[PDB]
Structure formats: structure tokens, C-alpha cells
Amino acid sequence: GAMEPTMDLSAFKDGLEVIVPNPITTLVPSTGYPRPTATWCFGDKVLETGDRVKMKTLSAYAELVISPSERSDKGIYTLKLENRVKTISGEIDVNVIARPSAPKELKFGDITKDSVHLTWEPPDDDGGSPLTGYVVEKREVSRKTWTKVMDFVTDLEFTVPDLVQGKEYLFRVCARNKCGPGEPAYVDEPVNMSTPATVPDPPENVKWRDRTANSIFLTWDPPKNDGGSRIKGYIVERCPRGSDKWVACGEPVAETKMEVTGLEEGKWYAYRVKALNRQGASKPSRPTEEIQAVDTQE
């Protein structure tokens, strides 16, 4: 008398879902007289015990354990039971998922009195599972606990409300899976609602045209950073060659142009401009070359 090997795979009809690094455990009830021999294969490769691969056989079952699990362990595992009657083979499709990576290119902007707009980009790896959403958290730089602003955000942007003036905030955004949230992405610098205004930046492109014995016409470019306050005007200054004293030309003007006059013929002058706002005056622009006051010739 004898009996064929039989295996019970009814526990894997849906499949096997494993979150890294939890072990992949496949226990299959086996029957058969004589007792069948177990053979484990991952893909077209025969598995044998060693490090992460561990196998055991009892009279009632054959079991395969892969610990710790990796993403590369995903595939179809095959169990062959063999006695003198017959050789049977069954397959188990194992999906090994993990948690998402961190959102990319987290930026902040559009800072109002009570809101901060945040935009990000999808993470590189979703962890072998569809992204369920994004998680938005905040924390004032004085406080030590992160509070969740919103979860399951299905967009690449979010406007954080209910922010208080005079406070600095940190922001981090995570990506979510069925396994849970992943590594967070933080903001490059803290976000400050207050932002006390500063003095402007120097003008940038001071150039000259229409140079005579007593006059010159100067043009410059407005600075990029106004310092948080409106550019009230500009101040043009002058330095003769034989001195290191910068003298102001005329009076403050609201335009990016000025015609300096009163120049003495035969002298060489350099010129520089400052940008004015409520907080004061900027640092002077890069001074121009020393230009001789003389009328055109030939």
C-alpha cells in the first residue's frame, strides 16, 4: 500500500502579503505514505537553507521561512512533494511590499498672515503599493512636538491654515502606504510670518552716457530685494580722483536715472548709487570707473 503526496494551499488563494522586514512564512499541510520529500524553489532556482533562507519539515507539513524579508524576495515560490507514487508541485505568489520613500522637492511660499502654501513632488518609490495619501505636520520652533495638520492628502500641494503671527514654524510631509507613512521630507529653512523688514540691496548695473565737461547721465538697475519695504528712491554719490570723500549729487530721486551736474572740467569722477526704503539706505552699488569730465572731441 501507498498514497500520493497531497498539499493544502487553501491559505494562499488570495496570495501572501508581507511588509518588510517581517518574515515570509509559508506553512503547507502535507500528506502521503511514504512520507514525501519537500523541495522549495523561488522562480526557476532551487532554494537551500542558508542565512535568510530557512526550511523545516514535519510529518504533517513542510514550511519555508525567509527572514528578514526584502523587496527582491517578491515572486512565485514553488513546493514540490515527492514520494514513490507521484511528484506534485504547487505555487505560492508572494508580494513583499514596504513603506513609501520621502516626498521630493518640498517648497514653501505664499506666506500670508495666517497661512503657508506647501508644494511637493511624488516620492521615488511607493513601496510596491499604491500611495494612499500624504501627511502634513507642523511644529513651532519653540515647541518640541509635531502636530498633524492633515492626513490622506491626495494632492501635491496644501495650504497650512491657522498660523500665528510672530512665530516660526517647521513643516514636514510624508507619503503613506497600506503599511503606513514613510520617511519625512523637511523644509530647507524655517518659515517666519513676522519677517522684520530690512534695508534694500545695492543697485546692480550703473552705466553712464552723454558725458560732457560739466554733466553726465547715469542709469542703474533696481535691486532684486527691496528688503520688505517699498523702494522710496535712490541717492547718487560722487568721488573725485584726488580724494576719498563721497559727495551726494543733487537730492534723492525716485527714478532709475539721474543727470549729475556741477562737475569740474578736467577732473575724474567715480559714481555709485544707493537704494532707499523706510528702514534706511542700502549699501552703495559697485562704483563705476573714474571718468574724466571733458567734452567730446574730433
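Numbering starts at 1 and follows the sequence shown.
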item	value
Between 221 to 229 and 92 to 100 (mean CA B-factor, as deposited), the higher	221 to 229
Mean C-alpha temperature factor, higher of 68 to 76 and 192 to 200	192 to 200
Residue with maximal Cα B-factor (values as given in the PDB entry) among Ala38, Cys249, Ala270, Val28	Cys249
Third of the chain, ranked by Cα B-factor, where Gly32 sits	lowest
Chain thirds of CA B-factor: placement of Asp124	middle
Entry-reported Cα temperature factor of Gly166, expressed as the chain third it lands in	highest
Ranked C-alpha temperature factor of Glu63 among modelled chain residues, by third	lowest
Where the record places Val141 (Cα B-factor, split into thirds across the chain)	highest
